[PDB]
Amino acid sequence: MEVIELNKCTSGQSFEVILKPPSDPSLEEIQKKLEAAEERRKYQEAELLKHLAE
Amino acid sequence: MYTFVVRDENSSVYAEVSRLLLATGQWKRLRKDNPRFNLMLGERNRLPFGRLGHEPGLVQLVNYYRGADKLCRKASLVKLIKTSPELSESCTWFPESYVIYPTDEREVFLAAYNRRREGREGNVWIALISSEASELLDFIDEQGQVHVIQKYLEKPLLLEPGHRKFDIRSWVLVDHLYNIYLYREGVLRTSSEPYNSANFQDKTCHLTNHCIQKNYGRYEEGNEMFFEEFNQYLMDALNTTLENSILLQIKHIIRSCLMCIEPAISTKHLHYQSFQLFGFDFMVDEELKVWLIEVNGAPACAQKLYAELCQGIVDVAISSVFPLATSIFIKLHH
Amino acid sequence: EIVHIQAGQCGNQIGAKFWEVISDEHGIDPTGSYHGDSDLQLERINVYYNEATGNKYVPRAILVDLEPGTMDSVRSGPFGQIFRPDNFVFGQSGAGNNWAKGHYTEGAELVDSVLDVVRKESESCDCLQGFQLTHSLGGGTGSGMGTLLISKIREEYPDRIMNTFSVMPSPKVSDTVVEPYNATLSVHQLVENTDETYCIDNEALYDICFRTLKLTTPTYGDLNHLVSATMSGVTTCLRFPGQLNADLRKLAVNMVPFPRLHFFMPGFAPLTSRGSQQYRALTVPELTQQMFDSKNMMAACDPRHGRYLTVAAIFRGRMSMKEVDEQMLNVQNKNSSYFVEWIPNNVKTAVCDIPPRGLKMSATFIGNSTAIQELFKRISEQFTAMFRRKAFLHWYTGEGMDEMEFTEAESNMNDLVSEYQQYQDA
Amino acid sequence: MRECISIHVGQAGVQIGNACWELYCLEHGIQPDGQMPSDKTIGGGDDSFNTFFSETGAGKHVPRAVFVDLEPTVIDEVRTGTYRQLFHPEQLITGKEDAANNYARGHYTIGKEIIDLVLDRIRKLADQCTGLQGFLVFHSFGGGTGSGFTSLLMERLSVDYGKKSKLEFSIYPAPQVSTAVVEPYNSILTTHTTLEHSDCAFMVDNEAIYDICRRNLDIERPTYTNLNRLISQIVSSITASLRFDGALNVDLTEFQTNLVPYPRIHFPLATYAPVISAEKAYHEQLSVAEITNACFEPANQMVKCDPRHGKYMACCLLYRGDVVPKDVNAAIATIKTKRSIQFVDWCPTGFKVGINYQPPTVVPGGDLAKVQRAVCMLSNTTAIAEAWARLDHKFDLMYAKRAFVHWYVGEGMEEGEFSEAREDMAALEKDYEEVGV
Ligand SMILES: Nc1nc2c(ncn2[C@@H]2O[C@H](COP(=O)(O)OP(=O)(O)OP(=O)(O)O)[C@@H](O)[C@H]2O)c(=O)[nH]1
Ligand SMILES: Nc1ncnc2c1ncn2[C@@H]1O[C@H](COP(=O)(O)OP(=O)(O)CP(=O)(O)O)[C@@H](O)[C@H]1O
Ligand SMILES: COc1cc(-c2nccc3[nH]c(-c4cccc5[nH]ccc45)nc23)cc(OC)c1OC
Ligand SMILES: Nc1nc2c(ncn2[C@@H]2O[C@H](COP(=O)(O)OP(=O)(O)O)[C@@H](O)[C@H]2O)c(=O)[nH]1
Ligand SMILES: [Ca+2]
Ligand SMILES: [Mg+2]
Ligand SMILES: [Mg+2]
C-alpha cells in the first residue's frame, strides 16, 4: 500500500512498495593444495612406471 | 505399460490400490528408489516433493497434495480457520478452539472461559476431557507434544435404543484438476454404551474411535452403522433424511475447507501432479447441526468399502491421468 | 588425432575393412585423393588421416604382423596403396597361434620397430588424444604381441587413451584348441592396460550370420562385414561433427564407472548380409527396438541376464531427433530393471546426418552391461577344461613361460567376473 | 562510475557470453566493429554503459570481458565470428585439451598450468578501471572447466581482489541437454569450493529453459543457441541497472544488500515474462497485471520449484518497456490476495521495483518476438533448495557405490573432498530448512 523512496529519470524510474512490516584462504594455502594434488599424481604415475618396470 | 512405486507399507488403502493396479496388467511396480515412475504412492513423513516432475518423457502423479497438512493437523487446522477471510472466526460449523503450548493464545482462551463464567452455563472442553481449566493446562504442560483445546459438544445427537454418542466419517477424493469427489458411503463410528451427562472421565461413552472401542458390537456389526441404516433411523425416529438434516452441511464444510487452501496446494500448472484421499470427521448435535472435528491426510477406510473406494480412486484419480485400452462419487461443485 | 594399429591376421583384416569403409564415407579413393561432395566429410578428417604432398590423405595406421603373408594381402587388396609404406612393420617366422611367441620371444624382436613408427606418427600429431588397436585374442601375434605393444605404449604415453577392438574366440569359428589360453592371457592384459575394449565375439558374429542373416556357412568376410559396420558406427562421433562435442577421453569417463569394468558390448541395426541392399528403410522405433535386442549384439551375451551400467547410442541418417529421444526414453522406462538405478542419466544418444554406405537409417549400440561376464565365464570354462590337465601347455613352457602365469591370468579373469556380478545385484 | 569485468569459463560460459555481448551491443547501439555512433565523447567517458565497455582512441567500444576455455574449438568461433573485431585477442584465452567432464582435471591438473595466465589477463583489464567494483562469472556446474577452473579462479580472485564483489551466472545441469553422467559430482564439488567466494548467484536450470523454449516458443528440439538467447534476456534484465541510468541495483554491492541478507543463502530465483514466439501469427499484447502475475507461475521460472512452499527474504521486480508505477502497485495488490506469498518474520513483506522505459531488445531473425513490456522478478526464496535436494540425491546414488570416483582421484584429488563437499551441501539444505518453516 505505501510507496516510498521513488526516484525518476529519462531512462526509467524505481521505487519500493512495502505491504507489511517485519516482527578466505591465502595464496600460500591455495598453492599448497594444488601442489599436494600434483604430488599425488606423480606418486601414482611412479607406481604405474614401477609396475611396468617389473 | 505405466510404472508405479510404493513407499508407505502401513497404508491400508494404497496396499489395495497397488494390488488392483497390478491385476489390470497395464501397470508394473518398480523398486522403492527407482526415480523412473509414472505414479508415486508415497510416504507419510518427509515426502520428497522437490524430486517429482523432473524426469524427461514421464508424466508424474503423486497421491498426496503438498501443503495439505495445514488442514490435516490439529494446531494448523485451528490456525487456518481463524486467520483465513473465507472461513473466519464467524465460522459456525467449527467448535470454538484454541492453540495451547507446553511450558500460544492462553490470554484469549481464558477470556472466553471467564465469559462462560458470567452466566455460568455449561463449560466442558477437550484436548482428554475435563471441566476445570487448571486441570486441563497441567495435563498439557507436562506432556511435550502440542495439542489444541476445543469446545466440547455437551449435547450430541443420541441414537436409540442405546442413548449412544457417534461421529460421521466421510471420504473425499481430490483429483489433479481439483474436482472434489465425496464418496456416497460414509460411516457412523458409534459408542456402544450410554452417554454420561454428569461425569466426564468415563472413557468408552465419550470417545468413539475405530480402535479404542475394542459392548464391542452390540447394536450393529463392529461399531459401524452405514448410510442406508442411518437414513432409515432418521426417517423413522426424526421424520427427516440424512441428505437434508446432515449431508448438505457436510458437503458445505468439505467444499469450504478445500476451496480455502486450493491456491496453496493446487497442481494445475505444475511440473508434477497431485491427488489425495482425505478423511473428514464430523459430529452431529441434538438440533441436527454438523460440526467439523478433524481432517485426516492418511485416512483408514472401513472394511466393507475397500473394494468399491479403491476402484474409484483408480477410476478418476489415476486412470484419468493414465488411460487404459455408474459413478460412486458425488462431485461438490465450485 | 588417433593413431590406429592393426596386429596379426584378424587385426589386419578387420583393420583393412575399417579403412575401406570410413574412406568411402569421407570420399577418399584408393590413391588417397579426396573426391567427395561435402565439407562435412573433411571437417574432422585430421582424426584418422595425415595430410600429405598434393593434398592427399594418408591413414594414421600402423600395420603389424610376424607373418609377411597377411600384410602382402592388405597391400595388394583394394585400398592397399593408401597406407604409408614405412608403416608396414613385419617379421618372417610367424607366431604359430602362440601367445608366448607374440608376447615374450618372436614379438620382442620386432616391437621396438613398431614403436619407432608409432613415435613418428605421434610427433606429427597436433594433439594426440589416443590409440586404437584391432586384433584377435585367440592367435599369437594380435593377442601376444598386440598386448605387448599396448603395455609399451602405456609406458611411453601413460596419460593417453588406449582403445581396442578385440575379437574373442569361439569353437564355432576356431583355428586352434589353444585359443582359450591365448584369450585368457590377453584379457589379463586388457583389464590392466586399456581404457576401452570393444568385445567383438566371433560366436555372436557367427550366430548373426547363421540365424538372422540366413548364411548357412559364413566366411571370415561375412563376419568382417558386421565388424566394419560396427566399427564405422562407434567411430562416427569422432569422425563427424555433432552437438555433443565427442572425445575418446570423455567417452571413457562417462562409460567406465570402475576402472576394470571397461569391456563394452557393441550392437548394430539393421543387420545386413554383404552386397545385397535392403530396400525398406527402418522406422525409429524399429532401430531402437533392434539395437537393444540380443540378436543384434556383437558379444554373445543376453543383456537380460545382467544390467546396463552405462549406454551410448549413435543414430545415423535424416530422422526426427525428437522421435529418437522419445523412443530411447521409452526403452529405458519400459525396461528400467535392466539399467542400474544408481547411475542417473546413464544412456546418452547422439545423431549424425550422414548415413553409412548401403543404409539410409542406422543405429550403433555401445553397452557396458554386467552380462559381459558371460563372455569371460565362457572363455574361463574352456581354459579350465584344458588347464586342469596342463594340456597343450608345452607350446608355452617351451617359450619360457611358467604355469604360475596361467594361474594368475585365470585368477584375474575370475575376479573380473565376480566384480561384474557385484554390480549386477547392487 | 564503477567498472564491472565479465568472466566466461567453459563452453556454457563462453557461448552464453556471446549471446549476452551480442545483445548488449544491440541495446546500446554498438556495431560488430565496436563503433557506437550515438557516443559523442570519443575515446573516453564515464557513462552508465562504460561500466561494461572501455574505449580506444579510434572510437571502438571493447567489452570488459575475458573468455577462458581449456579447449580452443568454442572460443575459436568467437575469434572468427561476427563479433571478431569487438574483442582483442588477449581477452580470448584457450588451452590445449579440455577437462573432460572432470572437476578435478579442470581444478587441479589443467587448472594449475593456466591460472596465472588468466589472472594476468584479468589484471590487464583491472588496470584500465578507475574504480573496479567486481566480477560477473559465467559458467556451467556440469562441465570440467566450468566447475573446476571456475572454483580455482574464484579462490584466487578473493586473494587478489578481496574488496571487490563476485556475482555468478551458473548453468545447473539437466539430463535433457547433458554432456556428462558425472555432472552431479562436478556441481556439488564446485558449489562447495565457490560458496564463500561468491556474493550472489543466479542459477539457470537447463530443464527450465528447455521447456520454456518448447512450450512458449514452439521449438520441438531446442539448440544451445535457442537456450542462450533466452538466457541472455534474463541476464540483460539483471545487468540493465549497471549499464543504464537508474536508482535500483546501481552497483554490484546493491545486489547483496537487496537480495542477499543471509550470506550463504545467496541464490535468488529469477522468473521472466513474457516469452512469445517470433512467428506467432496473431499475438495479443500482455499487460502489466498479466506479466507480473506470470512471475508467480513456476512454468516461467529459471528453476522449476514451488515458491508457495517456502518463504521469501527479498523480491525485486525489474520491468522493461511501457510500465508505470500506478499499474505495478495495482497488479501487486491483486496478486497478494490470490497467491501464497509468505515472507520470513524478520523481513518486510515488500517489493523493490525498477522500471526502464526502453522495451526489451531482440536479436534480428531470433525466436523471441518484440513486446511492449516485459518483467524479470528476482526473488530470494527457500523453494530453490529443491534444486539442491534433487542434485544432492543424484550425488548420493552414485557416490554410495563410489561410481566414477577413480577418475577424480586419478587427477590428484582425495576421496575425502567428495564427502567434505557433500556435508557442506547437507548444511546448506539445513540452512534453507530453518529459514522457511
Ligand atoms: N545453457 C547452456 N548450457 C550449456 C551450453 N553448453 C554446455 N552447456 C551445459 O553445460 C554442461 C556441460 O558443461 P560445458 O560448459 O559444456 O563444459 P566445459 O566447462 O567446457 O568443461 P569441459 O569440456 O569438461 O572441460 C551441460 O549441463 C550442458 O547442458 C550452452 O551453450 N548453453
Ligand atoms: N469438540 C468435540 N466434541 C465432541 N466430541 C469430540 C470433540 N473432539 C473430539 N471428540 C471425540 O473424540 C473422538 C476422537 O477425537 P479426534 O477425532 O480428535 O482424534 P482421532 O484424530 O484420534 C480420531 P480420527 O483420526 O479417526 O478422526 C471422536 O470420536 C469424537 O467423538
Ligand atoms: C568417442 O565418441 C563418442 C563420444 C560420446 C561422448 N562424448 C562426450 C561426452 C559424452 N558423454 C557421454 C555419455 C555416455 C554415456 C552416458 C552418458 N550420460 C551423459 C552423458 C553420457 N558420451 C559422450 C558419445 C558417443 O556415443 C554417442 C561416442 O561415440 C562412441
Ligand atoms: N572376425 C574375424 N576373426 C578372425 C579373422 N581371422 C582370424 N580370426 C580369429 O582370430 C583367431 C586367430 O587369430 P589370428 O589373428 O589368425 O592369429 P595372429 O595373426 O597370430 O594374431 C581365431 O579365433 C579366429 O577365429 C577374421 O578375419 N575375422
Ligand atoms: Ca564515451
Ligand atoms: Mg590364423
Ligand atoms: Mg569443454
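X-ray crystallography is the method the PDB entry lists for this structure, together with a resolution of 2.80 Å.

Trainee: Lay out the overall build of chain C in plain terms, naming residues and giving numbers.
Mentor: Scanning chain C from terminus to terminus reveals 13 helices and 12 strands. Taken against the 2.2 N^0.38 rule, which gives 22 Å for 426 residues, the C-alpha radius of gyration of chain C at 20 Å falls within 12% of a compact globule. Oriented by its inertia axes, the alpha-carbon framework of chain C measures out at about 60 × 60 × 45 Å. Taking all 426 residues of chain C together, 60% fall into the buried category. Within chain C, contacts between residues separated by at least 24 positions form 82% of all contacts whose residues are at least 6 apart in sequence. Here chain C has roughly 16,100 Å² of accessible surface; of this, 48% comes from carbon and sulfur atoms. Taking the average place of the 36 positive charges on the side chains of chain C and the average place of its 52 negative ones, the gap between the two points comes to 6 Å.

Trainee: Quick rundown of the domain arrangement of chain C? Include the residues and the values.
Mentor: Interface size is commonly expressed as the accessible area that is lost once the parts come together. Residue and element names in this part refer to chain C. Taken domain by domain, chain C holds domain 1 (1–257), domain 2 (258–371) and domain 3 (372–426). Of note, the centres of domain 1 and domain 3, computed from C-alpha atoms alone, are 25 Å apart. The interface of domain 1 with domain 3 comprises 25 residues on the first partner and 25 residues on the second. Between domain 1 and domain 3 lies a buried interface of about 2,200 Å² when both sides are counted; carbon and sulfur atoms form 70% of it.

Trainee: Give a detailed account of the domain arrangement of chain B, specifying residues and quantitative values.
Mentor: Residue and element names in this part refer to chain B. Along its sequence, chain B is carved into domain 1 (1–63), domain 2 (64–95 + 155–334) and domain 3 (96–154). With centres defined by C-alpha atoms, the gap from domain 2 to domain 3 works out at 25 Å. Summed over both sides, the interface between domain 2 and domain 3 buries roughly 1,500 Å², with carbon and sulfur atoms accounting for 64% of that surface. Sorting the residues of domain 2 by area buried against domain 3 places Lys 82, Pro 95 and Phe 200 first, and these three jointly supply 35% of that buried surface. The tally of links from domain 2 across to domain 3 stands at 1 salt bridge. Notably, a salt bridge pairs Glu 105 with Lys 82, separated by 3.0 Å at the nearest N-O pair. The interface formed by domain 2 and domain 3 contains 6 residue pairs in polar contact. Breaking the side of domain 2 that touches domain 3 down by element, the ones donating at least two residues are α3 (74–83), α6 (203–206) and β14 (290–296). Ranked by the residues each element gives to the side of domain 2 that touches domain 3, the list is headed by α3, at 4 residues. For the side of domain 2 that touches domain 3, a count of residues per class yields 12 nonpolar, 1 polar and 5 charged.

Trainee: Can you lay out the packing of aromatic side chains for me, pointing to particular residues and giving the numbers?
Mentor: Scanning the entire structure with this criterion turns up 66 aromatic pairs over all chains. Pairing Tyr 206 of chain C with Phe 210 of chain C gives two aromatic rings, centres 6.1 Å apart and planes at 20°, and the pair type is stacked. In this pair, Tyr 206 of chain C and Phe 210 of chain C both sit in helix α6 (residues 202–212), 4 residues apart, roughly one turn of the helix. With a centroid separation of 5.0 Å and an interplanar angle of 80°, the aromatic rings of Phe 267 of chain D and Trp 388 of chain D are classed as edge-to-face. On the criterion of sequence distance, the pair formed by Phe 267 of chain D in the loop between α8 (252–259) and β9 (269–273) and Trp 388 of chain D in helix α11 (residues 385–399) is long-range, its members being 121 residues apart. For the pair formed by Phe 267 of chain D and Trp 388 of chain D, the shared burial category is buried. An aromatic cluster is defined as three or more aromatic residues linked by ring pairs; in this entry it consists of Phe 18, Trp 19, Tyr 48, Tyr 49, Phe 83 and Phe 88 of chain C. Seen from the ring of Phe 226 of chain B, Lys 304 of chain B lies directly overhead, with NZ or CZ sitting 4.8 Å from the centre. Stacked on the ring of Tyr 399 of chain D, the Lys or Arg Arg 402 of chain D has its end atom at 4.0 Å from the ring centre.

Trainee: Break down the arrangement of the chains for me, with residues and values.
Mentor: No other pair of the 5 pairs of chains in contact has as many contacts as chains A and D. Chain B makes no contact with chain A, the minimum C-alpha separation between the two being 16 Å.

Trainee: I'd love a proper account of helix α4 (residues 106–119) of chain B, names of residues and values included.
Mentor: Residue and element names in this part refer to chain B. Among all positions in α4, only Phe 109, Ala 112 and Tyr 113 are buried. Buried residues of α4, seen end-on, are gathered within an arc of 105° and therefore sit on one face of the element. Exposed residues pointing more than 90 degrees away from the buried face of α4 are listed as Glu 107, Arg 115, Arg 117 and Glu 118. For α4, the elements touching its buried residues are β5 (97–98), β6 (125–126), α5 (133–141) and β7 (149–151). Taken from the residues just after α4, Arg 120 is the one with a positive phi, measuring 65°.

Trainee: Outline the interface of chain A and chain D, supporting the account with residue identities and numerical values.
Mentor: Each partner contributes to the interface: chain A provides 31 residues, whereas chain D provides 38 residues. Carbon and sulfur atoms make up 59% of the surface buried where chain A meets chain D, a total of about 3,000 Å² over both sides. Between the two partners, chain A and chain D, sit 2 salt bridges. With a closest N to O distance of 3.9 Å, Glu 38 of chain A and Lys 112 of chain D form a salt bridge. In this assembly, chain A and chain D are joined by 12 residue pairs in polar contact. Ranked by residues supplied to the side of chain A that touches chain D, first place goes to helix α1 (residues 27–53) of chain A with 11 residues. Counted by class, the side of chain A that touches chain D contains 13 nonpolar, 10 polar and 8 charged residues. In the sheet, strand β2 (residues 12–20) of chain A pairs with strand β11 (residues 349–356) of chain D via 8 bridges, with the strands oriented antiparallel. Counterpart to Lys 20 of chain A in the pairing with β11 of chain D is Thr 349 of chain D.

Trainee: Break down the UniProt feature "binding site: GTP" in chain C for me, citing the residues and quoting the values.
Mentor: Residues and elements named next belong to chain C. As recorded in UniProt, the feature "binding site: GTP" lies at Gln 9, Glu 67, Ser 136, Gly 140, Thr 141, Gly 142, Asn 202 and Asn 224. Here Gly 140 is to be found in the loop between β6 (130–136) and α4 (141–156). The residues touching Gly 140, leaving out its near neighbours within four places in the chain, are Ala 95, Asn 97, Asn 98, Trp 99, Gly 102 and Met 145. Among the residues examined, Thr 141 registers a relative accessible area of 8% and is labelled buried.

Trainee: Tell me about the coordination of the calcium ion (ligand 5), residues and numbers included.
Mentor: Note on metal sites: the ideal angle is 109.5 degrees for four tetrahedral donors, and 90 or 180 degrees for six octahedral donors. Residues and elements named next belong to chain D. In this structure, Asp 39 (OD), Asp 39 (OD), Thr 41 (O), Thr 41 (OG1), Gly 44 (O) and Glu 55 (OE) serve as the protein donors to the calcium ion (ligand 5), at separations of 2.5 to 3.0 Å. One can describe the site at the calcium ion (ligand 5) as irregular: its 6 donor atoms subtend angles covering 44 to 153° at the metal. Each donor residue of the calcium ion (ligand 5) belongs to the same chain, and together they define the spacing D-x1-T-x2-G-x10-E. Of the two residues, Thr 41 is situated in the loop between α1 (10–28) and β2 (53–55) and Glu 55 in strand β2; the sequence distance between them amounts to 14 residues. Exposure remark for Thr 41: the relative accessible area of 46% places this residue in the partly exposed category.

Trainee: Before we move on, could you go through the site of ligand 3 and cite the residues and values that matter?
Mentor: Around ligand 3, the surrounding shell holds 22 residues, and the nearest of these are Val 234, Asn 254, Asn 345 and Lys 348 of chain C together with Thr 179 of chain D. Each of chains C and D places residues near ligand 3. At a separation of 3.5 Å, an oxygen atom of ligand 3 approaches a polar backbone atom of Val 234 of chain C. One nitrogen or oxygen atom from the main chain of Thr 179 of chain D is found 3.1 Å from a nitrogen atom belonging to ligand 3.

Trainee: Before we move on, could you go through the UniProt feature "binding site: Mg(2+)" in chain C and cite the residues and values that matter?
Mentor: All names here are of chain C. UniProt records the feature "binding site: Mg(2+)" for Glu 67 in the present numbering. Within the fold, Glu 67 resides in the loop between β4 (61–65) and α2 (69–76). What makes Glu 67 partly exposed here is its relative accessible area of 41%. Every residue in contact with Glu 67, bar those within four places of it in the chain, is listed here: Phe 90, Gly 91, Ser 93 and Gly 94.

Trainee: I'd like a rundown of a nonpolar patch on the surface, residues and numbers included.
Mentor: Among the surface-exposed residues, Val 177, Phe 392 and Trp 395 of chain C lie close enough to one another that they form a single nonpolar patch of about 310 Å² accessible area. Here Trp 395 of chain C shows up in helix α12 (residues 394–397).

Trainee: Quick rundown of the packing of α1 of chain D against helix α7 (residues 224–243) of chain D? Include the residues and the values.
Mentor: Residue and element names in this part refer to chain D. It is at 8 Å that the axes of α1 and α7 come closest, and there the two elements cross at 60°. Judged by the inter-axis angle, α1 sits oblique to α7. Here α1 runs over α7; the crossing is right-handed. Every residue of α7 that contacts α1 at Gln 11, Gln 15, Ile 16, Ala 19, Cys 20, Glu 22, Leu 23, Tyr 24, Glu 27 and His 28 is listed here: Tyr 224, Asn 228, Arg 229, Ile 231, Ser 232, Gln 233, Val 235, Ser 236, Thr 239 and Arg 243.

Trainee: Describe unusual backbone geometry, naming the residues involved and giving the relevant values.
Mentor: Negative phi values dominate among residues other than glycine, just as trans dominates among peptide bonds. Cis geometry marks the peptide bond from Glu 160 of chain B to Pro 161 of chain B, where omega comes out at -5°. In this structure, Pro 161 of chain B sits in the loop between β7 and β8 (166–174). Here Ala 273 of chain D and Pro 274 of chain D are connected by a cis peptide whose omega angle stands at 0°. Positive phi is not limited to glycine here, since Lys 214 of chain C has a value of about 55°. Its location among the elements puts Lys 214 of chain C in the loop between α6 and α7 (220–239). Judged by relative accessible area, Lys 214 of chain C falls into the exposed class, the value being 67%. The phi dihedral of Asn 101 of chain D is positive, around 55°, even though this residue is not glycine. In this fold, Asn 101 of chain D is placed in the loop between β5 (92–94) and α3 (103–126). Residue classification places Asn 101 of chain D among the buried residues on the basis of a relative accessible area of 5%.

Conventions we followed
- The residue numbers you see begin from 1 on each chain and track the sequence as written, which may not match the entry, and residues missing coordinates are not shown.
- Here chains are named by letter from A upward and ligands by number from 1 upward, in the order in which they appear as written.
- For these chains, which sit within a larger assembly, all listed values pertain solely to the part presented.
- To obtain the side-chain values, all non-hydrogen atoms of the structure were used and water was disregarded.
- Strands are runs of DSSP state E lasting at least two residues, helices are runs of H or I lasting at least four, and both sets are numbered from the N terminus onward.
- As a reference, a globule follows 2.2 Å times the number of residues to the power 0.38, and the radius of gyration itself is taken over C-alpha atoms.
- Accessibility here uses a 1.4 Å probe with only protein chains present; expressed as a share of the type maximum, an area under 20% marks a residue as buried, one over 50% as exposed, and anything in between as partly exposed.
- Whether two residues are in contact is decided by their heavy atoms, any of which lying within 4.5 Å being enough.
- The Shrake-Rupley method, run with a 1.4 Å probe, gives the accessible areas here. Residue values count only the displayed protein chains as cover.
- Positive: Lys, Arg. Negative: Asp, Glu. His and the chain ends are not part of the count.
- The atoms used to mark charge sites are NZ of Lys, CZ of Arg, CG of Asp and CD of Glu.
- The source of the domain bounds is an automatic or database domain assignment.
- The term buried area denotes the loss of accessible surface (1.4 Å probe radius) that occurs when two parts are joined, taken as the sum for both partners.
- The term salt bridge refers to a side-chain nitrogen of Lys or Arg lying within 4 Å of a carboxyl oxygen of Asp or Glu.
- Whenever two N or O atoms come within 3.5 Å, that pair is a polar contact, provided that in protein one can donate a hydrogen and the other can accept it, and provided that, for residues adjacent in sequence, both atoms are side-chain atoms.
- Residue classes follow a fixed rule: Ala, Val, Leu, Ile, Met, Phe, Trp, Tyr, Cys and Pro count as nonpolar, while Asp, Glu, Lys and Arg count as charged, and any other residue, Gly among them, counts as polar.
- Whether two aromatic rings pair depends on their centres lying within 6.5 Å, for rings of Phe, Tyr and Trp, where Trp uses its six-membered ring; planes under 30 degrees apart make the pair stacked, over 60 edge-to-face, and the rest tilted.
- In this scheme, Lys NZ or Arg CZ marks a charge over a ring once it lies within 6 Å of the ring centre and within 35 degrees of the ring normal.
- The directions considered for the arc run from the helix axis to the C-beta atoms.
- Here, a strand pair is defined by DSSP locating no fewer than two bridges between the strands.
- UniProt positions are given in the numbering used here, feature names are shortened, and annotations may be inferred rather than shown by experiment.
- We call an atom a donor if it is N, O or S and sits within 2.8 Å of the metal, or 3.2 Å for Na, K and Ca. Water is not counted, so some sites may look partial.
- The geometry test gives tetrahedral to four donors whose angles all lie between 85 and 135 degrees, gives square planar to four donors and octahedral to six donors whose opposite members are over 155 degrees apart with all other angles between 65 and 115, and gives irregular to the rest.
- Residues are counted as near a molecule or strand when any one of their heavy atoms sits within 4 Å of it.
- Surface patches are defined over residues having more than 30% relative accessible area and no salt bridge, joining like charges when they lie within 9 Å and nonpolar side chains (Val, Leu, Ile, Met, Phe, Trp, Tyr) when within 5 Å.
- Helix axes use the C-alpha atoms of the stretch in contact, all axes being lines fitted to C-alpha atoms, and the angles between their N-to-C directions lie in the range 0 to 180 degrees.
- Under this scheme an angle from 65 to 115 degrees is roughly perpendicular, one under 35 degrees roughly parallel, and one over 145 degrees roughly antiparallel; angles in between are oblique.
- By definition, any crossing whose near helix is turned counterclockwise from its far helix by less than a right angle is left-handed, and any crossing with a clockwise turn is right-handed.

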